[PDB]
Amino acid sequence: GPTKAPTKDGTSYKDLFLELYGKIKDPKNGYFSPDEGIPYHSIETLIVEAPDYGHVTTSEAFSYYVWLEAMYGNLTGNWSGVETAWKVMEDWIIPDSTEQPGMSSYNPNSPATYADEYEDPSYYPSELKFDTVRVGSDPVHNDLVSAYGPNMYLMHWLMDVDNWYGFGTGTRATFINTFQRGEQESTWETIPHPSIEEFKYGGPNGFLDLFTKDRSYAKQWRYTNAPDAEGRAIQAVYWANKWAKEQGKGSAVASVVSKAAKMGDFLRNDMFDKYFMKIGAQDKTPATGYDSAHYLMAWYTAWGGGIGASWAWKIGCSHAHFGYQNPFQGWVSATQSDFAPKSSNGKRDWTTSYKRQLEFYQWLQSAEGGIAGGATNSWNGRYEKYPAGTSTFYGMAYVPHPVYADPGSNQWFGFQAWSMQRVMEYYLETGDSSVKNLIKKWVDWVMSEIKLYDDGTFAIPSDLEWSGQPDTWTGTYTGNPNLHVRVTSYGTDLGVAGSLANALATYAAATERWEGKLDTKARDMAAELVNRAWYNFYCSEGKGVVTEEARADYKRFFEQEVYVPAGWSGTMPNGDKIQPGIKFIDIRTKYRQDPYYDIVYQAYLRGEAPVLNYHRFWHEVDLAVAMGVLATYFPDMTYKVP
Ligand SMILES: OC[C@H]1O[C@@H](O[C@H]2[C@H](O)[C@@H](O)[C@H](O[C@H]3[C@H](O)[C@@H](O)[C@H](O[C@H]4[C@H](O)[C@@H](O)[C@H](O[C@H]5[C@H](O)[C@@H](O)[C@H](O[C@H]6[C@H](O)[C@@H](O)[C@H](O)O[C@@H]6CO)O[C@@H]5CO)O[C@@H]4CO)O[C@@H]3CO)O[C@@H]2CO)[C@H](O)[C@@H](O)[C@@H]1O
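Position one of the sequence shown corresponds to residue 28 (PDB author numbering), numbered consecutively onward.
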């Protein structure tokens, strides 16, 4: 576990970042795959939260990988890493032409076939309804195609890097997916499956009839993006471009800038209702134009087609979470010459989008200052009428916990830092005035909740509890006196601490550039967080920083039942039997050979939470980048033991 950093007082944040960078990139540490250089979720394999295995990769991890190299370039002058990062990304996690066969057959007038979402995984599979549901049109596909070709240039969210699930050939990296079955399907209640479905495993129809009930079943591929990964990546490329041109080295990143621009154009797919229904309809009214556009970054876009015969479909998402917005990236593609969309309409849509997102944050801001969850255009996932007294935002209903309820998707304080960091960069770069009150109220709140201790430790909010509703959006912030957030627990999360330090340093930099004076308190708090995360969680084996966490939730390894429909039967690539009655561990039987299996299992027997040490990729990067931000805007600042 953790031991104190030996670091000398007066070490520059530049030098600290260079130390952490070195450790993240050292092949002996094992942050990246040995064969292809893909960044794993974490060094440890036994870990369950969003991904359910440590040696998956996620598009998230890649976005952080790009961010890290951007900062490296800034501090160092060597830009090759940014190119390498983006190469690995397109070689592996972006589906190429050969992996989206006959996407060319996609029809904008009939994007997809409607299906309900339900409040429990037991209700699934969900029935596809070519019957009685007319679906809206896709107003974006044509001008995307016209600029780019038939294919989708987005990152699929999840990939099994060393094929630990077995769905793939030999040891190759394989697209996989998990979440399918509505709001009550946590990480613990899923059935992992390949994205390219060849019936090679599972039941007779592979895994399909587990999730979506069709009249007939055929071999198909499907993908899902998590747009916050794309936002982060393009955001990183903006900085890579800016910093590189300052050095007279813009040519080293021009191709990546171009790819990032394209990527940004495609994120437009994330702006529409799941089935292109009218925003605010409270009904399954198909939409014709941009009437289906909420103009926010929804939870996903997903698309697929047949492997055999050629056909295709695409969905947006009706659900929107504040934690997924990126008004900064929005603003980059809307206004910045080098990131101008090739499409004829992208610049205009993005211009609408970023402003629209900036209003979202404002609408969601509780009376205390933290940002509430979000909003939906399809109540209970089936476009029902909104309950009486439901406050709205351009027609969408307020939801405290968009998409997931176990745990509620806005319980995690991490989103506050992640999401408002972007708003800070936006204020840094525009001096936009309309956003000043949002930012200050949020900073005030966060400053009131950070705990510093005289022994040099720290604590930050971990879990949030929400009550009430925002007032209905009128174009203007009311103060939401009846929307409340309460911090219910605190911890020592290293990525979240890095992320929040970034936000405070960036904000501080922004007050210097645009306001009467530098916000000295925000700047100093950024430095405290970084000092304390590094001093207190240093890894003496040289792997960077390292967490120590009681994972009570790990009892679900052995206690959680995974719904399988009665009568359904099938097998994982290693024989593990998929049938009604199974627990998490039953379909992930290889876990028993994990170095940390004994430890978590013995803690199960004795009825106690096991204690884990984790080096997550993104924890290390969020901390490193925070250091790099201090190095960039406050180059005289200098580490000291806290
Ligand atoms: O016409 C010719 C042939 O057509 C066939 O019929 C087609 C039909 O035309 C077409 O409409 C249909 O497409 C549907 C698919 O069947 C179905 O798979 C798809 O389901 C979606 C589902 O609606 C959606 O909610 C779900 O989203 C998941 C997502 O996959 C998952 O990745 C995501 O996880 C996120 C985590 O929550 C988050 O924490 C993490 O950070 O990021 C992740 C997001 O990146 O969670 C979401 C939900 O929360 O995805 C699935 C797809 O994966 O819906 C389509 C339309 O309804 O396909 C049919 C074929 O199957 C006929 O079969 C044939 O006869 C004809 O010849």
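Even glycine gets a Cβ: it sits at the ideal position worked out from N, Cα and C.
Name the residue from the options whose alpha carbon lies nearest to the alpha carbon of residue i.
i: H183; options: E144, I223 and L385; result: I223
i: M130; options: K156, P166 and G176; result: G176
i: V512; options: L491, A524, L521 and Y327; result: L491
i: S90; options: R161, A256 and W472; result: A256
i: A402; options: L294, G396 and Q384; result: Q384
i: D603; options: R161, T616 and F206; result: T616
i: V264; options: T251, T457, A279 and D79; result: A279
i: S360; options: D170, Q262 and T159; result: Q262
i: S164; options: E575, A314, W439 and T574; result: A314
i: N134; options: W390, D158 and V167; result: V167
i: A554; options: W338, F293, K41 and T378; result: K41
i: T125; options: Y327, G332, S319 and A287; result: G332
i: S107; options: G195, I121, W119 and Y92; result: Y92
i: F59; options: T538, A486 and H82; result: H82
i: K269; options: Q363, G233, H220 and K227; result: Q363
i: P219; options: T574, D482 and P78; result: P78
i: residue 755; options: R643, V426, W358 and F238; result: Summary: the structure shown does not reach residue 755, with the chain confined to residues 28 through 669, and so no result is reported for it.
i: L73; options: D649, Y660, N640 and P662; result: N640
i: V652; options: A630, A267, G357 and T457; result: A267
i: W390; options: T538, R540, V523 and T503; result: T503
i: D625; options: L545, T538, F585 and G397; result: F585
i: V75; options: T205, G483 and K156; result: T205
Would the C-beta of residue i count as close to ligand 1, meaning under 7 Å from any of its heavy atoms?
i: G331; result: yes
i: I342; result: yes
i: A336; result: yes
i: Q211; result: no
i: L294; result: no
i: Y141; result: yes
i: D241; result: yes
i: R249; result: yes
i: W445; result: no
i: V523; result: no
i: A77; result: yes
i: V160; result: no
i: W645; result: no
i: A253; result: yes
i: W326; result: yes
i: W184; result: yes
i: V430; result: yes
i: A245; result: yes
i: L155; result: yes
DSSP three-state label for residue i, please.
i: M304; result: strand
i: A432; result: strand
i: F564; result: helix
i: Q438; result: coil
i: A200; result: coil
i: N252; result: strand
i: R615; result: coil
i: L185; result: strand
i: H68; result: coil
i: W106; result: coil
i: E87; result: helix
i: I223; result: strand
i: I121; result: coil
i: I218; result: coil
i: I605; result: strand
i: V668; result: coil
i: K240; result: strand
i: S153; result: strand
i: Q620; result: helix
How about residue i: is its Cβ closer than 7 Å to a heavy atom in ligand 2?
i: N136; result: Of the ligands this structure carries, namely ligand 1, none is ligand 2.
So residue i packs on residue j, CB below 8 Å; how close in whole Å?
i: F366; j: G291; result: 6 Å
i: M664; j: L47; result: Contact doesn't hold; Cβ gap of about 16 Å is too wide.
i: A200; j: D187; result: 7 Å
i: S345; j: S405; result: 4 Å
i: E63; j: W113; result: With 8 Å as the limit, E63 and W113 do not qualify as a contact, their Cβ atoms being about 14 Å apart.
i: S132; j: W338; result: 5 Å
i: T239; j: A142; result: 6 Å
Restricting to runs no shorter than 3 residues, where is the beta strand (DSSP E) found entirely within the segment 323–402? Restricting attention to beta strand (DSSP E) runs no shorter than 3 residues, the segment 323–402 encloses them at 328–333, 339–342 and 346–348, ordered along the chain.
In chain order, each alpha helix (DSSP H) run of at least 4 residues that lies wholly inside the segment 437–521: Annotation note: the segment 437–521 contains the following uninterrupted alpha helix (DSSP H) runs of length 4 or greater, listed N- to C-terminal: 441–457 and 463–476.
Can you check the segment 623–659 for any alpha helix (DSSP H) of at least 4 residues that lies completely inside it and give the ranges in chain order? If only complete runs of 4 or more residues are kept, the segment 623–659 shows the alpha helix (DSSP H) at 624–632, in order along the chain.
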